[PDB]
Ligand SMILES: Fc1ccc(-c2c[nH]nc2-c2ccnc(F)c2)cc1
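As structure tokens, one chain now follows by itself in the form solved without the ligand.
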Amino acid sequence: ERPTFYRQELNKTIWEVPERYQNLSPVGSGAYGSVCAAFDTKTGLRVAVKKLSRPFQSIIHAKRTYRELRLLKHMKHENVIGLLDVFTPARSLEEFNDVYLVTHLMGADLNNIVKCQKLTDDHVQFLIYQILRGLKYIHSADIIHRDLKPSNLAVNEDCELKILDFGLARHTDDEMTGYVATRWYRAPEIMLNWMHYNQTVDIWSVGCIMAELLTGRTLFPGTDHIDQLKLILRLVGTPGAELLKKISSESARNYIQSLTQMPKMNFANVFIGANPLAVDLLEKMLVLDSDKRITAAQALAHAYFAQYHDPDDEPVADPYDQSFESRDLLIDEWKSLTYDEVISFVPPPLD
């Protein structure tokens, strides 16, 4: 029942994988892992194999590893990354030190789509529809992406889309600093730590992405946190008393009140020539008060998507138990939980 593994050194890294995976070829690497393209001879699929780097070197790392495996095993939706396989060459918990994750080989992301091709309004409709379809699904499980951006959206030749999270980087203060795409899609409340955030942080991101699909340009390309906030407030207007109240931070609240008050702009005069239905949806997503933003489920029933909307084919997720997130365990306990999840993995059906 345990497959045969073979060894191979690729870019100073040892890969021990089941024989089914052939033609391994380095594709990427970072702080959390190294990635190879391969051909899965069992399924006929081109796949990406990610070897996690030092998955159990600290408590934080071990919990992270467990978290990713739990999320990936849970997500089963056409518009979200699916786990094809997970394995370890280890024959026992005692020798368990490496975890490999397998998924469909991406190809293009939305970033190279928007930069390299012309998108009609029909393409924008279809692409955003699919992001929202996936978000309805993850949000139904109380899973928040928090880092939706074009580089995290995979798109095939037929314009079919999946949501993933590549973040092999640790998301430090420095990488959020300056003129960086890493921050341009982030909701203002998380960018500035205004308050406890909710799942409509992801809807803000969708609005930023949709705007960029329509114009071909970044909506809020700030040169730093403050410059970006000024771009935002210029479009959407400065907050009123009602939203200010909700900003828990006192200093953050005092800074906002130092700003000259600005009204919401006319979106038809920003997104010149866009479908009026697209403009209306943008106005409902790019709302400063996260309590008042449209949700994924509400947006799927918006008239902009009339061509694609099918309420019998917009499924929700099975319940996802996240109690582990509030739990403090030792490295070896997180490691043993992870090992159990590796061993118990069951592959999805073929077709």
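We call the rigid core the largest set of C-alpha positions that still match within 1.5 Å between the two forms. Residue positions are given as counts along the sequence shown, with the first one as 1.
Unshown form deposited with the ligand bound; subsequent notes refer to it.
- Message: So the ligand isn't in this model. With the ligand brought over in the entry with it bound through superposition of the site C-alphas, is the pocket blocked (at least 3 atoms within 2.4 Å of backbone or C-beta) or open?
- Response: Blocked: when the ligand is placed as it sits in the entry with it bound, 3 or more of its atoms come within 2.4 Å of backbone or C-beta atoms.
- Does residue 274 reach the ligand in the entry with it bound, with heavy atoms at most 4.5 Å apart? Residue 274 lies outside the contact set for the ligand.
- Item | Distance check, residue 119 to the ligand in the entry with it bound, heavy atom within 4.5 Å | Taking the distances in the entry with it bound, the answer for residue 119 is no, it never comes within 4.5 Å of the ligand.
- Give a yes or no for residue 235: in the entry with it bound, does one of its heavy atoms lie within 4.5 Å of a heavy atom belonging to the ligand? Answer no; every heavy atom of residue 235 is more than 4.5 Å from the ligand in the entry with it bound.
- Indicate whether residue 279 is a 4.5 Å heavy atom neighbour of the ligand in the entry with it bound. The answer is no: residue 279 has no heavy atom within 4.5 Å of the ligand.
- Which of 90, 256, 141, 213 has a heavy atom within 4.5 Å of the ligand in the entry with it bound? The residue in contact is 256.
- Message: Given a 4.5 Å cut-off on heavy atoms, tell me which of 261-269, 120-128, 205-213, 189-197 is the interface stretch with the ligand in the entry with it bound.
- Response: Careful reading of the contacts points to 189-197.
- Taking the ligand in the entry with it bound, which residues of 236-257 have any heavy atom within 4.5 Å of it? Counting only heavy atoms within 4.5 Å of the ligand in the entry with it bound, the contacting residues of 236-257 are 239, 243, 246, 247, 256.
- Query: So which residue among 254, 117, 193, 156 shifts its CA at least 2 Å between the shown form and the other one once the core is superposed?
  - Reply: One residue passes the 2 Å cut-off, namely 117.
- After a core superposition, would you say residue 295 shifts its C-alpha by at least 2 Å between the shown form and the other one? No; that C-alpha moves by less than 2 Å between the shown form and the other one.
- Message: residue 29: after superposing the rigid core, is there a C-alpha shift of 2 Å or more between the shown form and the other one?
- Response: True for residue 29: a C-alpha shift of 2 Å or more.
- Establish whether a shift of 2 Å or more occurs at the C-alpha of residue 13 between the shown form and the other one, with the two forms superposed on the rigid core. After core superposition, the displacement of the residue 13 C-alpha between the shown form and the other one reaches the 2 Å mark, so yes.
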